[PDB]
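Student: give me the fold of what follows.
(chains A, B, C, D, E and F)
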Amino acid sequence: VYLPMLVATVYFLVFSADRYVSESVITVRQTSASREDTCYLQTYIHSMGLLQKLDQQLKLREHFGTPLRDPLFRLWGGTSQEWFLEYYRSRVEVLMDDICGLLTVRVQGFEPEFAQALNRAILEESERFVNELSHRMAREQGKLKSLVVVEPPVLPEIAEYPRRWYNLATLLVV
Amino acid sequence: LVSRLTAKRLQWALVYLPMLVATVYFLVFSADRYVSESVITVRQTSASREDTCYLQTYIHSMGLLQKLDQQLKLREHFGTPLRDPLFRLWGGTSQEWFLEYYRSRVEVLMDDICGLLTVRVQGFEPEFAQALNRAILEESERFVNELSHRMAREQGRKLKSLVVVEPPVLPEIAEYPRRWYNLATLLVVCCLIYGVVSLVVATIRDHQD
Amino acid sequence: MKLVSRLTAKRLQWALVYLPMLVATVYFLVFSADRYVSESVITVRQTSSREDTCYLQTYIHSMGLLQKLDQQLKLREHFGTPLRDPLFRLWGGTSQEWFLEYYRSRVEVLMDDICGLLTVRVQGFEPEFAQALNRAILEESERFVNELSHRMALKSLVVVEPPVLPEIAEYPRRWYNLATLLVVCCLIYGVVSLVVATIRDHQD
Amino acid sequence: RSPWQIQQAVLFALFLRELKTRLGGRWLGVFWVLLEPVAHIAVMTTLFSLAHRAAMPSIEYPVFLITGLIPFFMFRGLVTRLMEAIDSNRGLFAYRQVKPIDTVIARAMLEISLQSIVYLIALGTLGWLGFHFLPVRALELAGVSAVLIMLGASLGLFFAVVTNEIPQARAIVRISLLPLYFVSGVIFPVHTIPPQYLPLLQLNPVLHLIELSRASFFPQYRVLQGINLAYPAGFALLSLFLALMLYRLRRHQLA
Amino acid sequence: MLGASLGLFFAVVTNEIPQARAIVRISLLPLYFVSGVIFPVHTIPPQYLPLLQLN
Amino acid sequence: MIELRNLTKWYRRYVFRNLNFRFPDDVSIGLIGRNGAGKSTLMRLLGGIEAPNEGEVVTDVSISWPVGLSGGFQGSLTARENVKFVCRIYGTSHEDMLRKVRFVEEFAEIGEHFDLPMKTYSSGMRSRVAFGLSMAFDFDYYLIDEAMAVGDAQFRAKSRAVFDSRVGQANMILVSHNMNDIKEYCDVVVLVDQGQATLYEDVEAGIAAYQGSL
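Tutor: Numbers count the residues shown, from 1 in each chain, chains lettered A, B, ... in the order given. Take a look at the structure below.
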């Protein structure tokens, strides 16, 4: 019992790396039914083409591997595409409020600036995807759906998710 | 005989032999099965759930399987892994068994609240799985367009389209053959079965007097 | 009294296990006949509903359609060909009601509420005849729908899955039925043996 | 004599004894066992005939209720009649051949026989009246029934071992059997339930077994998410192992 | 008064029948759900209203 | 040959703990000792009511269960069903249990209300049918514990007569308190106290043992 506590405490207070979180709150509306586009966007955030676009935009693979003393939350070199997708899904959290129809995106990251940039890239790619998904049906016959930002991405100052004391207490429960 | 059974014989017959068989099959004779996943939805361009239901039924049909086999030679591809007898399509089988095998390889799931149809195509090579998923999507769109065309012609231009939320992704590693998880759960089940059997035989032997 | 002691449980297990499985195995592996099944999946739409699909479901199992199909494809003569099978063969000189019941047994119609798609599975003793009968059923169904629309005073049949040509028989499943009968006979023999032992003990 | 023939003789003797005491007078208990399901079918049909008619247009209420009820009567009997199998026959453990588990398995066998006979005659009667009476998947139905029987017998043996000195424990589990009759989806089909309560009901193995038996019985019966046989099978296996281990530990403590 | 009267009546009647006490202890639980304790009773179809008027 | 091999039985005083003992062959032996000292546990284990946690008792010949056990009868069933139940446990033949039930109903002499459950049963006829059942089985070591019969003088008289008829070719075990019958039948004695047992060839030493140690 004492040895797991010792190793967990030394890992959390010596080895664990900070993870900053940027928050955004959005919804999609017809300028001139919205639940359908909102659910399409919710599926699209955790897709693989979006992750590819983000990878050749911001190089998430290099950023998520920059820590070296935190092997638990590290994107190891030479990992598979599927495991990279799982890691990205774990790092980016999408919540939905149906009674208001609002989508909350929380982006993790070891640097607050990169987390904010990742959230902004996600938002702009989501808007472009909505526009293109409407435009393909538009010109199959041969700018109308805009995403409003209730809360724009914020720039965090301190780490949020590595809650060392809370996790230590939860381990003390078990 | 029942009364001549010993603990080591029970352990060898129950636990050890299935363990060796499963380990040998999974770590040597098991063939990789890469998965390509796509997410689609059909909507009007010029009642969508009706078209999604039609597509869900049509994907697992036989005419689509006939077109896919004529186009990509699925029967030749699926019979390639000789080292895996459980999951290979043996040559010279029946058309009904071929349809059952194709229905087993391709999984179609539906989100009714979101109205999204996700298709997961299994293959023995990632490129073939991606090509099969792309062909399935193209044939589904063509089938919807053809149905609209004939319905309009019966009274006497693409009117319906299929949006692709997620295109078929090219996999990098095999997904569905899960050697370690299956081995662990089978080991747990086997240990439980051996314990129950040993307890039962001890209870039976308790009546020795 | 004497009758319960007459079984000795050996003739009992012979008459409750050995004889039924022997008879069933002989019938299934010797006298049973193949029944190829052709499947189609259709629905009705307007060329410009659910109730019309329900009308089609009722119409398929009707007697006028059966008369039309018997005049066209001669179902009555075809279904009597397998003289080896005594059970699933349409005997000669049967009544109209027996013919209707037999046809309703061969042709199976299923409908789901969520999708609203009607699936028809037609049995036969030849894959070609089963496919032809399924195609004839579909053609007559669409003709009936069109005639109903015409005489009401503009509808079409959406064929999601056209009738297929089966390769092997699927319904005369021998081993599954044999296993089911083995389980049923074992349970029945156990229950009967226990009851007969109880009454043998209680009687004296 | 062989150590197995003794077990067979003891089991037969206990089965005959328990059948003799169970049927009061000149077999008056069989009438009671026969009148429970017809009374249940009468009250519930009279109540929710229109409710099931509005539920799904493919199954009539008698057969749905009977195949959802007779297996639950099987399970409830295997739970209730098994805990009392140890204290009632406490005096019989003095003949060098009667063990506590022998009465348990004798009670289980007799419950199996009685409820299977009732199921057979009731299915025959329903077929005679004109209702559907032939399962479409008999082997899967037999497997599900065997799994349910094993789970019920395991729970009965476990409770008999645990609550040997605590009759109040038997009382409270007899109380709690009644809510299990309503949360297992025996009466009404379970797909007419809001999804927020769906995962909380996925922890009940009896619901899984009832749904799977109904699926193996009725044709084209739709099965919703998370009704796999793996969870109830593992539940039954783990419960059986735990019950056998507990009986092996507390073996000589039964007088 | 109603509860005390029912308790005294049952104590008199089932003095020699513990199984009667058991079955009424069983049937107390459905009375907990058919008395409208949990949910308000006006959200009930009227066809079941007179049957519940006897409680 | 009844032999004991390091018997251990927990009842936290250890009544019997990994001792071994030997017994005479074809010699009338009666278990005797202080009540509650462990004699009851020893004769219950001798009758096979419980099995030892450690060690074993071995005998090449079967052992009859102790006589006069009213607990061995189910209350809801009468004497006929109970005797056929126990004989079915012992696996007798058809004419075998017919003979056994005939003998037990002849010994009972309770033909009126014979098929009466033990719930509404007097102690006298219960003891009568118990002794008749315990006598009906053929054995050669009878674990007689309490008395021989319940009734008038002729009851015990003919019970002792048939007991001497059936025991004269066999061996009989007595665990009682009065020593007149022990002197009349028994020859050797084993005394048990606090888990230690002593064997006396003559009961004369047993009299002194009771007078001193008890």
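
Student: neighbours of residue 20, how many?
Tutor: Since you didn't name a chain, this refers to chain A. 22 (other Cβ atoms under 10 Å in any protein chain shown). (Each C-beta comes from the backbone N, C-alpha and C, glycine too.)

Student: not quite, I wanted chain D
Tutor: 18.

Student: quick check: which element contains it?
Tutor: If you go by DSSP states H and E, residue D:20 is part of helix D:5-22.

Student: now do the top strand by length along chain A: which elements does it pack against?
Tutor: Criterion DSSP state E: the longest strand present in chain A is strand A:22-30. Counting contacts by 3 or more Cβ pairs under 8 Å, 6 or more residues apart in numbering or on different chains; DSSP states H and E, strand A:22-30 is packed against helix A:34-45, strand A:102-107, helix A:112-139, strand A:145-151.

Student: now with 10 Å, please.
Tutor: helix A:34-45, strand A:92-97, strand A:102-107, helix A:112-139, strand A:145-151 (3 or more Cβ pairs under 10 Å, 6 or more residues apart in numbering or on different chains; DSSP states H and E).

Student: and the helix holding residue D:20, how far out from the chain middle?
Tutor: Distance of helix D:5-22 from the chain centroid (Cα atoms, centre = their mean, to the nearest Å) equals 21 Å.

Student: also stretch A:56-67?
Tutor: With Cα atoms, centre = their mean, you get 13 Å for stretch A:56-67.

Student: what sits up against that stretch?
Tutor: A:15-19, A:51, A:54-55, A:73-77, A:79, A:84, A:87-88, A:91-92, A:108-111, A:114-115, A:117-118, A:120-122, A:124-125 (Cβ atoms under 10 Å, 6 or more residues apart in numbering or on different chains).

Student: mind checking which of those are buried?
Tutor: A:16-17, A:19, A:51, A:54, A:73-75, A:79, A:84, A:87-88, A:91-92, A:108-110, A:114-115, A:117-118, A:120-122, A:125 (16 or more other Cβ atoms under 10 Å in any protein chain shown).

Student: neighbours around residue 129, how many?
Tutor: By default, I'm working from chain A. Neighbour number of residue A:129 under other Cβ under 10 Å is 20.

Student: oops, I was thinking of chain D
Tutor: Neighbours of residue D:129 under the rule other Cβ under 10 Å: 9.

Student: next: the one 4 residues further on.
Tutor: Around residue D:133 sit 16 other residues, with neighbours defined as other Cβ under 10 Å.

Student: quick check: phi and psi on the nearest residue to residue D:137 once chain neighbours are set aside?
Tutor: Excluding its sequence neighbours, the residue lying closest to residue D:137 (Cβ to Cβ, 6 or more residues apart in numbering or on different chains) is residue D:216, at 4.0 Å. When read as degrees, to the nearest 10, the backbone of residue D:216 gives phi -70, psi -20.

Student: wait, residue D:216 touches residue D:135, no?
Tutor: Yes. If you go by Cβ atoms under 10 Å, residue D:216 and residue D:135 touch, sitting 6.2 Å apart.

Student: please enumerate the shared neighbours of those two.
Tutor: The contact lists of residue D:216 and residue D:135 share D:67, D:141-142, where a contact means Cβ under 10 Å, 6+ apart.

Student: quick one: which of those is the most crowded by neighbours?
Tutor: residue D:67 (25 neighbours).

Student: what helix or strand is that residue located in?
Tutor: Assigned by DSSP H and E, residue D:67 falls in helix D:61-83.

Student: for the helix or strand following that helix, name the packing helices and strands.
Tutor: The helix or strand immediately downstream of helix D:61-83 is helix D:100-129, counting by DSSP H and E. On a contact count with 3+ Cβ pairs under 10 Å, 6+ apart, helix D:100-129 meets helix B:179-205, helix C:174-203, helix D:5-22, helix D:29-55, helix D:61-83, helix D:138-162, helix D:230-249.

Student: picking that back up, do the helix holding residue D:67 and chain C come into contact?
Tutor: No. Helix D:61-83 does not reach chain C (Cβ under 10 Å from any Cβ of the partner chain); its nearest approach is 13.6 Å.

Student: which strands and helices sit next to that helix?
Tutor: When contacts are defined as 3+ Cβ pairs under 10 Å, 6+ apart, helix D:61-83 packs onto helix D:29-55, helix D:100-129, helix D:138-162, helix D:167-183, helix D:205-217.

Student: ok, residue A:41 - contacts?
Tutor: A:26-28, A:94, A:96, A:103, A:105, A:126-127, A:129-130, A:133, A:147, B:165.

Student: if we go to 6 Å?
Tutor: By Cβ atoms under 6 Å, 6 or more residues apart in numbering or on different chains, the contact list for residue A:41 reads residue A:126.

Student: and for residue A:81?
Tutor: So residue A:81 contacts residue B:172 (Cβ under 6 Å, 6+ apart).

Student: follow-up on the earlier one: out of the helices and strands packed on helix D:61-83, deepest packed?
Tutor: helix D:205-217 (a mean of 23; mean count of other Cβ atoms under 10 Å in any protein chain shown).

Student: show me what the residue nearest the centre of chain A bridges to in the sheet.
Tutor: The residue lying closest to the centre of chain A (Cα atoms, centre = their mean) is residue A:92, at 1.9 Å. Applying DSSP bridges to residue A:92 yields these beta-bridge partners: residue A:107.

Student: against residue A:53, how distant is it?
Tutor: 13 Å (Cβ to Cβ, to the nearest Å).

Student: what do you get for residue D:174?
Tutor: 62 Å.

Student: cool, and residue D:60?
Tutor: Remark: distance between residue D:60 and residue A:53 (Cβ to Cβ) = 55 Å.

Student: so which of the helices and strands packed on helix D:61-83 gets nearest residue F:24?
Tutor: Distance to residue F:24, taken as Cβ to Cβ, is lowest for helix D:100-129 among these, at 35.1 Å.

Student: and the angle from the closest one to helix B:179-205?
Tutor: Relative orientation of helix D:100-129 versus helix B:179-205 (axes from the mean of the first three to the mean of the last three Cα atoms, to 10 degrees): 110 degrees.

Student: helix D:61-83 and helix D:100-129, what's the angle between them?
Tutor: Using the same axes, to 10 degrees: helix D:100-129 against helix D:61-83 is 170 degrees.

Student: can you give me the strands for chain F?
Tutor: F:3-10, F:14-22, F:29-33, F:54-58, F:141-144, F:171-174, F:188-193, F:196-200.

Student: and the fourth one, which strands flank it?
Tutor: Within its sheet, and counting by DSSP bridges, strand F:54-58 is paired with strand F:3-10 (antiparallel).

Student: and what of the third one?
Tutor: According to DSSP bridges, strand F:29-33 forms sheet pairs with strand F:188-193 (parallel).

Student: with adjacent residues omitted, what lies nearest to the residue in the stretch 1-150 of chain D positioned nearest to chain C?
Tutor: At 4.4 Å from chain C, residue D:138 is the closest residue in the stretch 1-150 of chain D, using Cβ to the nearest Cβ. In space, residue D:138 comes closest to residue C:180 once its chain neighbours are excluded; the distance is 4.4 Å by Cβ to Cβ, 6+ apart.
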